[PDB]
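So this first bit is one chain, no partners, the form solved without the named molecule, shown in structure tokens.
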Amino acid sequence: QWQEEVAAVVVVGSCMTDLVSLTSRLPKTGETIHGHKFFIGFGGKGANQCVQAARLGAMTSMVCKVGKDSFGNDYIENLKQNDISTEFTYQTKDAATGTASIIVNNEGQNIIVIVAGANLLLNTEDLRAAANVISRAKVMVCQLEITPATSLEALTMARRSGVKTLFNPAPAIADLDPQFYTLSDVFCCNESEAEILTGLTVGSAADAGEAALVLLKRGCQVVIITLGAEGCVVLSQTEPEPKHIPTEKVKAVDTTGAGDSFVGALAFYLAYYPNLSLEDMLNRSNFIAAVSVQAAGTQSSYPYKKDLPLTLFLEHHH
């Protein structure tokens, strides 16, 4: 008898509600101003990654914790509408759904206040129920928007079952636990996160190569430093010379969430196209992220398989 594929991509990480007010000018202390418009959106790195992987066709499972509040109820509905398993999406009355409140002016300058909230209450017991699902997956994906101890335990669970680990140390912290390096099959961050992690400055592809080598020697198997619109730089234990995977300048409409589109695409390729070279996967993941920058609205900008070139889902070199 036929049955559905089990989840090949498991994401253990965050959900946040984006609360966006547009204004003419940014307020300062003591001020009340009237803005033009307000936007709510579904964000959080974990969920964003998961939504991009799902839309490419991955079978995914989101392990996370939201509030027993309207925001959390709505986030669950969002995951379902994107065909994501919520078997291990947990709700707690002990905190509100995490929030990223943003005030932004017409130039796109902003003030942002994050309250991690229920994300920080995702614990070991919560993960242990997912041990079997994790053990049958192809890729585990973590960031640093939940308790770091909880991400460390999810990478540990994956690694003990032979499951590929994709770790996005974002947002980055200067004293990152060095177990994260050892436990990461693929360690992927952006320029400013690389600076935080290494103490070096990173303003070009060459700089990112130097920073990537520092991280590699701390115990990573593959290090990728993303360069926003400019592509990425990659090195590995097998090929420690840095390689810049460049891109063509596209006209950006809204880049919010593009980093997570890149990560979620890389997760999809790692799980479903394991015989592609890493270089080929990064090329394709760069292209997909670049699709997301041509439309507004973060998750709403993430492309579906059916709208993307057929060749992204076929062999190219073999």
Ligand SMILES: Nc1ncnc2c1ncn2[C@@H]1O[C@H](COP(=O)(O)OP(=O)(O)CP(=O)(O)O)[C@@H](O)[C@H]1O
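Take the two forms, find the largest set of C-alpha atoms that superpose within 1.5 Å, and that set is the rigid core. Note that residue numbering follows the sequence shown and begins at 1.
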| query | finding |
| --- | --- |
| Stretch exceeding the other in mean C-alpha B-factor - 200-208, 128-136 | 200-208 |
| 139-147 or 107-115, whichever carries the higher mean Cα B-factor | 107-115 |
| Member of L26, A271, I288, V66 with the greatest C-alpha B factor (per the PDB record) | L26 |
| Highest-ranked of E241, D185, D83, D74 once sorted by CA temperature factor in the record | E241 |
| Within-chain third of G231 by Cα B-factor, per the entry | middle |
| Third of chain Cα B-factors occupied by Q294 | highest |
| Entry-reported Cα temperature factor of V6, expressed as the chain third it lands in | highest |
| Chain-wide C-alpha B factor ranking for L152, given as lowest, middle or highest third | middle |
| Chain-wide C-alpha B factor ranking for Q237, given as lowest, middle or highest third | highest |
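There is also a form solved in complex with the named molecule; it is not shown, and the following applies to it.
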property	result
Location of the named molecule contact in the deposited bound form, chosen stretch of 150-158, 200-208, 222-230, 128-136 [non-hydrogen atom, 4.5 Å]	222-230
Partner-contacting position among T92, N123, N82, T247 - heavy atom within 4.5 Å of the named molecule in the deposited bound form	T247
Close approach of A271 to the named molecule in the deposited bound form, 4.5 Å, heavy atom	no
Non-hydrogen atom contact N190 with the named molecule in the deposited bound form at 4.5 angstroms	yes
Heavy atom of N106 within 4.5 Å of the named molecule in the deposited bound form	no
4.5 angstroms heavy atom contact with the named molecule in the deposited bound form for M281	no
Shifted position (C-alpha, 2 Å or more, core held fixed) between this form and the one not shown, chosen from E241, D175, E248, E125	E248
